[PDB]
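Below are two forms of the same protein chain, given as structure tokens: structure 1, then structure 2.
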Structure 1
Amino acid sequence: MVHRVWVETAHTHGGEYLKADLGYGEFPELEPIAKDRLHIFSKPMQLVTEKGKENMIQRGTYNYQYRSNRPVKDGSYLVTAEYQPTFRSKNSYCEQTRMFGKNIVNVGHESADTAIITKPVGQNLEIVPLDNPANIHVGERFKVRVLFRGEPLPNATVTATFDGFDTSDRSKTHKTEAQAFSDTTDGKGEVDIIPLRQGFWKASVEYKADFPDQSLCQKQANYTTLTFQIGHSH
């Protein structure tokens, strides 16, 4: 069907390596990226810490698994993935597709720092959180912002779902695309997600616009997600 990009990190305590997974497909099913689509993920996923952006390495039984170079202390970090810009033809016209994913990882049951996670990373279409997902109970408001080319993106629809919401009769041709939240961004680009359950959540946004250089391509489509945790697994 349709393929979107997201990131998922396993529960990590202090002193360990950070195991992360790049999902290209239908959330939340992790699946290996096909050989004809290996070139669209040219660069490895990055990990954001107090020192900056670090390249992760690809190690595991499947090609979507990554681990950090060195173990990290307790804290709260981001892990980002990118679908490299590619060109396609539709009907006819050219269109450049790009996709982005960012996951908030809280290593340690006590850390909920906001210094690293709230700073934008430079994704063309980016969802920047303004709080820590661990500070939000069910029913509270999780305030985030939507940026496009650096500036805020007003009047942009942000939806959100979680693992376990849409599950009935799913297969290759059924969606499990039902969302547990939907709203629009204000003039400052901000919006508040309201989670009614606990688990692993993904908030999605998209933006189709005109390509800057019309002598090369005409349209542009960006699909961005942000993944986090509501509640506590351990």
Structure 2
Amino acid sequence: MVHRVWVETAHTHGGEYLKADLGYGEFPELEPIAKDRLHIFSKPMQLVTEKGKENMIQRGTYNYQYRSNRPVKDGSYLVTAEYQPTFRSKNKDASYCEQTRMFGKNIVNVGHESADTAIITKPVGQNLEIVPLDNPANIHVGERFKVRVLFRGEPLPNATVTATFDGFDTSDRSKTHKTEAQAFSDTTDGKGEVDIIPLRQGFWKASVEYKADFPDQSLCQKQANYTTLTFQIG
């Protein structure tokens, strides 16, 4: 089971509590975070609004449910989740250390006709980050949704960005646990940007991963980053 990270938000109208969910596992099926994984999510998910980044409270039936501190107004906001860095041993004969980090970012439009770009287009500081350059509410089927990929604050050229949606691939309860089939794939340009072309309406997840050398070679050797951006089309 690969175990990737993404973020989901329920339909929220202005003035009520924004409920969100931390998906850790196989998209799009949410699952409770296991006992041996809790230390990985030591820091709660964050809500990004005009006042900035604020912590969310882990309230709900399951341990992956979060609720906003105060009610939220209409606008376009971000919900971010982080898999805190973990170290593990790998090989291939001269085993080595790898640091895994994962990030999830969800675009949430609180209120109909809300398609702001001021907040959602600003980088939030994730090691590997997908910054939307437009609001998904304006993107119809067949239109292009430009995003930028940033690694360590700089644009990432030639990075493979894939994208899928809930209901595209429907199989493999647990028999393979393989990564889901993608409905889109393309590489970023020199400015780190790529146009996602959605062919279906629904809840979409875009994904990018980068593997590189760890900065401090005297502590660890490799670093792997998996990042997703979740949004709505239509």
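Along the sequence of structure 1, residues get numbers from 1 upward. Take the two forms, find the largest set of C-alpha atoms that superpose within 1.5 Å, and that set is the rigid core.
Candidate set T176, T49, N63, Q198; criterion, C-alpha shift of 2 Å or more between structures 1 and 2 after rigid-core fit; matching residue, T176. Taking the core as the reference frame, the CA atom of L38 shifts 0.3 angstrom between structures 1 and 2.
Overlaying the rigid core between structures 1 and 2 leaves the Cα of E110 displaced by 1.1 angstrom.
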